[PDB]
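Just below is one structure, and these are the notes that go with it.
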Protein chains: 10
Amino acid sequence: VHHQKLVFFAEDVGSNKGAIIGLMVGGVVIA
Amino acid sequence: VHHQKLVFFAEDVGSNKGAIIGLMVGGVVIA
Amino acid sequence: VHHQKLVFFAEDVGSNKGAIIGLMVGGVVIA
Amino acid sequence: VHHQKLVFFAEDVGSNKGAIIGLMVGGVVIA
Amino acid sequence: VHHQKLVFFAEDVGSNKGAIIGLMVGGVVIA
Amino acid sequence: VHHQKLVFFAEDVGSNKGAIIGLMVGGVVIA
Amino acid sequence: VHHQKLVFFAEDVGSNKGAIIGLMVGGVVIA
Amino acid sequence: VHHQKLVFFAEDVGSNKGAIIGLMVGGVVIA
Amino acid sequence: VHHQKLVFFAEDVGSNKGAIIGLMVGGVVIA
Amino acid sequence: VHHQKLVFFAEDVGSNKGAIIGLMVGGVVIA
């Protein structure tokens, strides 16, 4: 198994007010 | 198995107010 | 198996208020 | 098996308020 | 097997309030 | 003239993704 | 003239992603 | 003229991601 | 003219990520 | 003219990540 660059942002992000997650194992993610 | 660039944003993102997830194993994702 | 660029955004995204997921294994995704 | 560019957005997206999923294995996706 | 560009949006999308899925294996998708 | 309780929701609403308006005077309401 | 309780929600609302307006005078309301 | 309680939420609101307006005079409200 | 309690929240609000406006005179409100 | 309690929160608010405005005269409010 080989994980790499799960989430990619090639350009600029103005702001983040939610949840940015690459990899999770449980649950209960609420926006 | 070979994971790579699961989520790609080639250009700029104004803002994030929800959930951005590359890979998950459980559940219960609520926007 | 070879996963790559599951979700692609060639241009700019104004905002995100829901759920953006590349790959999931469980369920219970609610918008 | 070779997955690539499951969901493609060639141009800009105004906003997202639902669910954008490239690949899923379970169910219970509610808009 | 070779999957590629399952869902294509050549032009801009105003907004998304439902479910956009490239490939699914289970069911129970509710708009 | 006596306006009261133009729109009533006796029970819980799961979500709103359209337009809920009690009273309007102009037009151009688009769902 | 006597306006009161134009929009009523007797129970809990899960979320709002559209437009909730009690009274408007112009137009151009887009969901 | 007597305005009062134009928009009423008797119970708890989970979240707001749209527009909640009591009274407006212009237009151009976009969800 | 007598304005009072244009927007009422009788119970707790989980979070706000949109726009909550009591009264407006112009326009161009975007969720 | 008599303005009072344009926006009312009877109970606790978990958090605010958008815009809470009592009264406005211009426009260009973006969530």
Would you please name the residue that is surrounded by the fewest Cβ atoms within 10 Å (Cβ to Cβ), looking only at residues in region G:13-25 that are touching a strand residue (DSSP E or B) at 6+ places or on another chain (Cβ under 7 Å) and part of a loop (DSSP other than H, G, I, E, B)? G:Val25
Within chain D, count every residue that is over 12 Å from the mean Cα position of the chain (by Cα) and farther than 20 Å from A:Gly18 by Cα. 11
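Cβ: placed from backbone, ideal geometry, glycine included. Neighbour counts: every protein chain shown. Each value in this text was obtained by applying a stated rule to the coordinates, not by laboratory testing.
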